Structures are given as structure tokens and as C-alpha cells.
Amino acid sequence: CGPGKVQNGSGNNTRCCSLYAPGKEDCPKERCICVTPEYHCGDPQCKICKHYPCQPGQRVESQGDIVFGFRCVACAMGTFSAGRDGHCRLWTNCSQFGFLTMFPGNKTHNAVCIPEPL
Amino acid sequence: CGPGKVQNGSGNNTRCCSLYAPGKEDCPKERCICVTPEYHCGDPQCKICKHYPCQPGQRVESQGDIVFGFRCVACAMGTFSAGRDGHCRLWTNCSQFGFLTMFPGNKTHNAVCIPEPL
Amino acid sequence: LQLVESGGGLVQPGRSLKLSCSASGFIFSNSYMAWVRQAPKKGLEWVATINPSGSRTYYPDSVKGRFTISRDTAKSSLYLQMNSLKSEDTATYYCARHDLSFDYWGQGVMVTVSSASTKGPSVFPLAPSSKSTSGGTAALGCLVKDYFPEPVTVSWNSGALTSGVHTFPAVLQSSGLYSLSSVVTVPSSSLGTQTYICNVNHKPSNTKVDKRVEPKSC
Amino acid sequence: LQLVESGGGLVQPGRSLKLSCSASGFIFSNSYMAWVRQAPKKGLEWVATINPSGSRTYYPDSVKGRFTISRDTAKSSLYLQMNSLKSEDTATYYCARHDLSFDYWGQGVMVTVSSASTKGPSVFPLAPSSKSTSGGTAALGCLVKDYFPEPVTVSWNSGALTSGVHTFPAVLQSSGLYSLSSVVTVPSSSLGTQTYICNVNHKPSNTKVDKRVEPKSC
Amino acid sequence: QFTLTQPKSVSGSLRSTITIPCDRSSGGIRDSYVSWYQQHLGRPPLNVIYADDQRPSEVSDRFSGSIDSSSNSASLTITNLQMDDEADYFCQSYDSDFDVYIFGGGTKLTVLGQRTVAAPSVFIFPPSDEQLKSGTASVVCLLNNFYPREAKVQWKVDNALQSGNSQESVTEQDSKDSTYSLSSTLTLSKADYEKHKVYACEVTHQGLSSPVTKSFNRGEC
Amino acid sequence: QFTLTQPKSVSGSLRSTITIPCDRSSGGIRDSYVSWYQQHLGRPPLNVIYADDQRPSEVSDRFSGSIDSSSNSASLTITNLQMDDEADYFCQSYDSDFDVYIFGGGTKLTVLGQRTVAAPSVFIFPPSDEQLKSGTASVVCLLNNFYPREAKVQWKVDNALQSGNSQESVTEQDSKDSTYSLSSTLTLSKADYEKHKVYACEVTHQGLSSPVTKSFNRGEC
């Protein structure tokens, strides 16, 4: 999964967890996302990964406080999703990376880039 | 600040705390990086942002486990910083974005890009 | 894991009760916990949700504003403060834990919200056919009608007659009173010579009846 | 927030003590916690740091290898296992919490590392000038010299004389023994007729002295 | 938004695949936990599946769940049906924050036995004179020792089919002959009872070659 | 690591502004952090500032901190000085993981009260014959009821200035006349005491027009 994050499960139950921010409070702990595409946490603790595919320009909202129900809501403004996985990835700001942007991007699609012509 | 991350503070104490909070309440939100240029977290929890400017080709290391002391160390290999803020931003790989690289870049300066001659 | 419900019983319309569910058995405060009810002979109806912290309460509908769920780690107890009770709230109430999905459940506690109060039954004969052909089987019985609350007990000949006896489940009538029948099948040739007495006890009303049942005459 | 230090006292050179700091008051295990010391009349010297989990410790220098800091949530107590004590470790020791920056502090516990032993003082007169001009002010007193440990009490005429009395703070001499003076300013015309007695009690050594002070003669 | 539907009952042979369908009923959220629970006698429900599959321990591998169709269609499959699998089966769902928690209406699973010739002995009892004095008349029909459970008991009073004025009670299955017995009680006022002549109980059951009628005329002996 | 130097003291009038400069000294990373702690009587330190400014609650807005110069130079500013602000002030520092935590040497802030309310009454006491029998001689000089605290008390024995063989004690300020009193004790061996003749205490203070000497000759009356 990743070096500074916690691998848990295998196959389709493959997920990665962040430190439980043990600081204090009781808000939550071990916020985990699942790695396998179109698979999402089924419980708030993400004990098991469930299957609920979306379409392009949509994310997967998950209401419920013990077992999740799933609503395939559209992508927020400033984000995109070009797959069935249903995750709102942030736009690639070409300007801060080195390039200009040829097409700005939308909910369906991320931005492509144009340069410096010298 | 950002859509999938947590704004905290105002003016010079601005904070882009990531780690969301599982959309909870008074959770122990952490992992914050001040957005104000040349301002850096003063405590590990980043309760307050402090002022410690660097020069180009340097980052701000912050040793201490309750209150930070600051060392203006040079930029790591593979990174750059062209400002006094003291943050090691990663190099812009033109190849994965669409273009070739005209000048490769160094600690002082990021890469520039020469596309595909049309 | 063990969950034990308590605090159910008979209550007037418009009154209140508090159910308790004692637990330990697992990680009480470290899990969610549910209330679910069921009218006898009918389906399961989900009733309550309590946050493991106890900070937030989630309710369905027909009881929202009237019921209440809360927790106290002291003795791992739940808190169903049921108010303004109606006849439709009559049911077996079960506790359990939403954790992942209703992990373990209790035996349930019965809540009865009824108007008609304690009443003893009348005992009527179900008489064997007088015209029964000798050499076959005859049926006879006792109808124990119009009682509240449950239960009633029925034996035949002080428990000496048990073969061929069927004592039916009680049925709640639209009057709010229970009625049940007990029958026994016997040789038709015994009808003139063997006595058949049903012994009925409705202990909630102090009503005890021995009813001799025989062929009706003219 | 309340922090209470304890476990200080008088200890021989080369010995050991354990200080405790009781807290609650805030979020003990949910914060850092410091030890700081101060010789009476001198500056603050930072002494210790324990990680909120208690996994790691941080110290300065003059006590590294000799002292120790740890925590036990049981009663929110700190653990200053001070070993191989020297005269330079004599000080008031304070607990507090590095959290953001020494949030709250205790009243401190005094540690005294001394080869000196319980010794009673000698009481010497500070005699008023015999040649004092009548109509002015004369001064007289008692010098309470060479005692250990603190404290000594001084009254004049059994507490009946209090105006013009100055009883000075004790001074630690280079011998390791304390010395203090008590003085009073009186009318020079009273020197022939009013008796002046300082009443000295050094309770740690069982030493009680009444000293009459008057003009020296020839 | 709250909805959930189940078939009233499903009957299958032993050692046969059993399918119990749970339908979203227009909820549209086909995929989420669709737990399956089993209730026997007057015992509490037992969790057979949470999370669509992953049967908790103890429950026999023969119980499996699947969420296919995605056209609203969870299902509980019992392969190799056993005699201890007789029970009402319930599906429960989510909307854990969409709004409310909800069970489906339950599905009754009945097992199989010797039922082809297991006909009821049928008896009719008139109301007693002592009951008629208190203003009410109860007419009782008894069906004794039959299998399967499915029977149709119809009351006729002077040819008119009676509906909504009778109640049935059925015994649980006998532990020796594996049969059921059923009592049906028709209740009328005395004034209603004295209007009519012919009282009849008609019994249709699989073991009877044609329906069996038991009847009496009021005021005869 | 080991640095942080503070001035010894300052005297400032009520309503004035006092700046206490905590010089980093070999600060290097002077901007790493700073805190100000306040100590009164034999009471514990009170945190006045952590984080360079952002005074914690309760402490009066009149206390403010700033880290300017960046040439190694934190400072604590007390505007509108009040009578309850008399105290030693300490600047705690950083190096939380550079090496070890460090504290400055403290700065004494005295208040200008009723200046020159009185000049010290100066008295000298020879050692007693009873003390001389035990082998030691203590010579005591008393300065009675003076303000301000700053006095210079010098011992002379046959013209020679004595240094390192005397100790002073000063009372805390009187609650009625607002003065201080001071005892200075010169300690010699009996053998040293009997060598010399003239014993003198010289007192320099602001309320005295020129230094006051009190003296005696050993063995006179």
C-alpha cells in the first residue's frame, strides 16, 4: 500500500489506514480507504470493503453510522472522476508543477497541459 | 484552503490541516501545514503558526516534541525551493505531463519544459 | 455473550415503562446496541439505536418522540424510556447490538399495553357427538373463553389422560380477551363409561374450574 | 489545574530520593510534564521531560545519568528517581507541564542534600550602644548563629514587643550552617528601665533560649 | 424513504436448494449490508449473514448470501436443506444514515414429510346452552392429526360464507407422528345464532379426495 | 547546547513602560521560540507568554512579547507598569530537540515607590565576649528603615576593605512605611579579630548626603 500508512486485509478487503490520530477526543480512529477499484469501506471503521461502482463524474457517498448505505452522488466542484471507482480526485494544477493547462478539466475529466514556447 | 482538508485559524495562523476528521465534531484533527508563506507550525499539533524564513534551496526542519526549534537546512536531492518559505516542493516531471524538459532543475530551481515540436 | 432484557409487563394505555438490557458479555460501550420488537406471531420491527458513546440517538418513526434509548456502562444497561404507550406498542422487545449487524440478541421482554384488565374465563363443553358410531373415534373438549392476561393451564382427568390431547395456542380476540380450546380424541365405545374432566386454572384471576364433558342428550 | 509535589526532604550526600507530583486537573497522560528546580534566592534551572505516553525521557546535563523521570496514569504522578545526590542538587523542585510551554506549576518541594547535621544555634546579644544620647533611638538585637536545618523562630518579650522589630531572613553560611539576626529599635531613654528579651526556638534540635539584651558595661 | 418486501412463504424438499428473495421495493440502493436472520419457535432471531455473505461462525456453510441482479435482488440460498432449518427468515438492511433501519416482512420456510395421505379427522361442535345464556355463540371446528400444515377451513351459515368472524389456532408439529392439529372458532351473537338453521364447517386438505363438510342444524339433537 | 543571557535588574516608575531584553547569545536560530515566566516572593513561576506573544488568559494585556531584531533579541514589554508587577522575570527558550530545554538567568524588576521616604539608621554591633570564648567573632552592621533597596555596605578592618568574609540579609518591604532593613555580618576567627584595632561599617545610600561610617576600636567601651 504505502510506506507511512497501514496495510490491512488482502484481495478485495485491501485497505490502508492512517494513524488513529490518538491525540484525544472520540471523533474516530483508523480512517481507512480501500485499494481495490470500485470497492469502498462498508462500516465506519472500514472492517470490510464492499462493492458499489459509480460512473465517471461521480463519487460514492456513504451514509450510516454502523453499516453503510451507498449513494452515487456527482463529483463536487474542483474535482473529477474518470472511472467507475467513484473517488473524487483533485485537479492537477499544471502551473504549480511546471506547465500551463491546455484544457481546464471538468467533473468527467482532469486537465491536460500546454507549456512555455521558447 | 482545500476541499478534502480542514481549514483552521485565520490571518497568519491559517492551517490546511489534512487528515480530514471523518466528518465528525470536536475530533483531534492534526497533520496541518500553515498556508501563510514563511510561516510554519510551532508545535507538533500545529496549534499556532510561527515565522522562520529560509532562502532558496532550503527547507525548514523543526526539531522538538512540544515546541519547535528551527534549522534552515538545505533542499534534499530530487526537490527544490525557489522562495523564502522553506518548503521542499517536488520536481515537475514534464514527461508524465506531456512535454520534455529543457533544463533539468536543481535545489535552487525547478525544471522547465520543451514540448513536442508541432 | 449474554443479553438479558427486563422491565416489561402489563401497562395501561397512555402510560410509561422503562426497559433494561444487561450485558457485559462483550464490549458494551465499545459497540452499538439496538432495540427491536415483534408482536407474537408477526414480523420483526426495528425500534432503537444508541451511539456507543451515548452522544447520539437514532429512532425509526411510529415511536419517535415517544420512546428513548440510552446506555450506562455501570452495569452495561440500555434505557428504553417508553412513554404514551398504545395498543400497537404491545410486543416482545429484544435488545441486541448493531455492531457489524445485530451480533447477539436477548430472550426478549413482553410489553402488553391493553385496555381490558384482569378477567377470568368461562369454561364451555365441546361435547362429543351423541350419534357417534361405536368402534370409531370421538372427539371432545373444553373451550376456555374470554380471559386476560395469559396464561391458562389445562389438564385432563388431573393429568391421567394425556394421549390424544391437543391444547391449542391461545388466540387474542378483537375484544382484547384471550380464548383457547383443549380437545382430546377417545374411543367412541368409552363415551358411556369413562368420565372426561378438563381441569382449568387461570391463576392471574384466581379462577379454577373442573369441567365434566360428555355427550349432549335430549 | 492543581499539581502537588511531594517526597522532598533532607538527605545525606550520595543518597537517593523519589519525588512525586500528583495532578489530574487537566489531561495528564494527554500532555507533556516537566521538572524544574531553583536554589532559594537564585534562578530557575530546567530539570526533566517525560513523553506523554511515558515511552521516552529527556534531561539536561548536570543530572543526566543520575536522575530519572517517568509517569503513571494511576494517580497522575511523576517519577523523579534522583540518585547519587550532591550539595549542588539542593533546591526547590517544581513540577509543571511543557504542553505548549509550562502551562501550570506546583508549589514545589524542597530537597536538601547536606553533610551538615541537626545542630542547635548559639544566641549572642547585639548590644545597644552604652554611649547613646538620651532622646534618640537605640537599636539592639539577638544573633542566632550556626544552626541546621531551618527554621528558627524569634519573638521579643514573649510577643509583647512587635513594633520596630526586624527579624532578618536566614543566611546559609559557607560552613553549611544557617545564621540569622533579629533586631528592634527602641527609645534610648528606655534602655535603663525596660527589659528586652529575645525568645528563640530551634524546634528541629530541641533548643529553646531566652536571651536578655542590654547595654554592655565595664 | 423506507421500503422492503419478501415472499410470504417458500416450501422446499429436504436436501434441496432453497431460495429466499429480498427485493429493494424501489429503494434503489441494491448494494449495502443485506443481513439475513433466522427465527425459530418463540426464540430470538439468529444472525445467519451480515455483510451480504461472510456467514458468521457456527451457521452452516449451507447458508450463503449473494447480491446479484443489482436490479434490486439480494438472496439467501440454503443448499442441502436440513430438518433443523425450518424457520421464518428475515432480511434487514441499511439506510443506516440514509434514514432508518428496516426488516423485510419475513419468509416462512416449511420442510417436507409424509403429507399425501395425512388427512384430518374433522369434527364440529355446536355452542353450549350455558354459553348461549351469556349472549354469545361459539361454533368450533376441529381438524385432528394432519400433514402438511396447509388446510382451508371455511364456515358456512345457511349457505353464506363467513369471513372476519372466525379465528384459527394450530398446534406445533407433534413429536411422535409429525402431524398438526387445528381449531377454528366461529363467533356470533346469540341473536345472530338464533336467526339461522344450518351451521357447517368445510375442510379442504391435500389428504382428502374431495372437501369434507361437517354440519349441524340448530335446535336438533 | 547552552545559551540565554538576561540583564541583572531595572527600577521603573509606576505607569512607565519596561522592556526586558532576553539576549539569545550564540542564539543562531533566535526565532525558534521564546516564552516569558514571572516569579514573585517564594511563589512558583507564572507563565506570562508562550509562543513569543499570544499571552495566555488572565495575564494583563499590558504584558506583551515580541521577537524583533532577528539579530538575537526577544523582548518582554510591560506597558503601564503596576505595583503588583514587582517580580523576577525569566525567559524560557527552545532547543526542545536541538539538545535540552534552557532558561535565562532572570531579570529583577523593581518599582519606584515613595523614593527617599527615609534614610537608613546605621548601627554597628561588636562581637560579644561569649562568642569570642567559642573562637569566632561576628561583627554586625544594621541599616534600618531605608528606601530604595540599593545600598552599598562596606566593611573596613584597620583600613583594609573586607571582601568574601561577610554576608547580607535584607527584609522584604514593610507593609506600613514601605521601607527595607538590612543586616550585614562580618565573620572572622577570634585570632584574626584580636590582631586588629579599628572595625568599621561604611554605608553608601541615595538618602545619605555622603557615606555614613559607624565604627569601634576593639577593647574599648
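Protein chains in written order, with the working numbering: chain A, 1 to 118; chain B, 119 to 236; chain C, 237 to 454; chain D, 455 to 672; chain E, 673 to 893; chain F, 894 to 1114. The beta carbon of each residue, even a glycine, is placed where N, CA and C say it ideally should be.
Against chain F, the CB of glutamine 561/D has a partner CB under 9 Å away; the residue lies at that interface. Linking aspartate 553/D to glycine 9/A through their CA atoms gives a straight-line distance of about 37 Å.
When C-beta distances to chain A are compared with 7 Å, the residues of the stretch 762 to 790 of chain E below that value are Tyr766, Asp767, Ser768, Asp769, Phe770, in chain order.
When Cβ-Cβ separations below 9 Å define contact, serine 698/E makes no contact with chain A. Counting every other CB atom within 10 Å of its CB across the protein chains shown gives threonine 751/E a total below 16, marking it as exposed. Contact between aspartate 26/A and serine 289/C holds: their C-beta atoms lie close to 6 Å from each other, under 8 Å.
DSSP places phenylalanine 1109/F in the uninterrupted beta strand (DSSP E) bounded by 1105 to 1110.
Judged by DSSP in its simplified three-state form, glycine 613/D adopts helix. Nearest Cα to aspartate 740/E within the set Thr691/E, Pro717/E, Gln711/E, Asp771/E: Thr691/E. In the three-state scheme derived from DSSP, where H, G and I count as helix and E and B as strand, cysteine 212/B is classed as helix. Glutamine 726/E has a beta carbon lying within less than 9 Å of a beta carbon in chain A. Only those residues of the stretch 203 to 223 of chain B whose C-beta falls short of 7 Å from the nearest C-beta of chain A are listed: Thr210, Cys212, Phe215, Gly216, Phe217.
In the structure shown, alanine 1044/F falls within a strand segment according to DSSP collapsed to helix, strand and coil. Taken in chain order, the members of the stretch 149 to 167 of chain B whose beta-carbon sits within less than 7 Å of a beta-carbon on chain D are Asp161, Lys165. Per the Cβ contact rule, the stretch 73 to 82 of chain A is not in contact with the stretch 93 to 101 of chain A (fewer than 3 Cβ pairs under 8 Å). Linking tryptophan 559/D to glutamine 947/F through their CA atoms gives a straight-line distance of about 19 Å. Between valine 1063/F and the set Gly1057/F, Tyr1073/F, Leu1054/F, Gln1055/F, the nearest pair of CA atoms involves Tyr1073/F.
Sorting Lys447/C, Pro387/C, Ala275/C, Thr443/C by C-alpha distance to the C-alpha of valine 345/C places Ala275/C at the top. DSSP, read as helix, strand or coil, puts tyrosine 871/E in strand. Residue ranges of uninterrupted beta strand (DSSP E) with 3 or more members, entirely inside the stretch 368 to 412 of chain C and ordered along the chain, are 373 to 383, 389 to 392, 401 to 403. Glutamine 711/E is bridged by DSSP to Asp760/E. With contact defined as three or more Cβ pairs closer than 8 Å, the stretch 179 to 190 of chain B and the stretch 920 to 932 of chain F are in contact. Contact between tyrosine 766/E and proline 296/C fails: their C-beta atoms lie close to 14 Å from each other, not under 8 Å.
Residue burial is scored here from C-beta neighbours: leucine 236/B has fewer than 16 other C-beta atoms within 10 angstroms and is therefore classed as exposed. Scanning the stretch 765 to 826 of chain E for uninterrupted alpha helix (DSSP H) segments of 4 residues or longer gives 801 to 804, listed from N- to C-terminal end. By the Cβ criterion, the stretch 858 to 872 of chain E is in contact with the stretch 810 to 820 of chain E, since at least three pairs of Cβ atoms, one from each stretch, lie closer than 8 Å. When the Cα atoms are used, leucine 645/D and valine 565/D turn out to be separated by approximately 44 Å. Proximity of the stretch 536 to 556 of chain D to the stretch 632 to 639 of chain D falls short of the contact definition, fewer than three beta-carbon pairs being nearer than 8 Å.
Inter-segment contact for the stretch 261 to 269 of chain C and the stretch 350 to 365 of chain C is absent: fewer than three beta-carbon pairs are separated by less than 8 Å. A Cβ of chain A is located within less than 9 Å of the beta carbon of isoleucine 701/E. Taking 9 Å as the CB threshold, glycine 127/B stays off the interface with chain F. Nearest CB-CB separation between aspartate 553/D and chain B: below the 9 Å threshold. Against chain F, the beta carbon of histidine 227/B has no neighbour under 9 Å; the closest one sits roughly 26 Å away.
For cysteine 172/B, no beta strand (DSSP E) encloses it, and the DSSP letter there is neither H nor E. A straight-line Cα-Cα distance of about 14 Å links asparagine 537/D and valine 501/D. Burial is judged here by how many other beta carbons sit within 10 angstroms of a residue's own beta carbon; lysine 278/C has fewer than 16 and is exposed.
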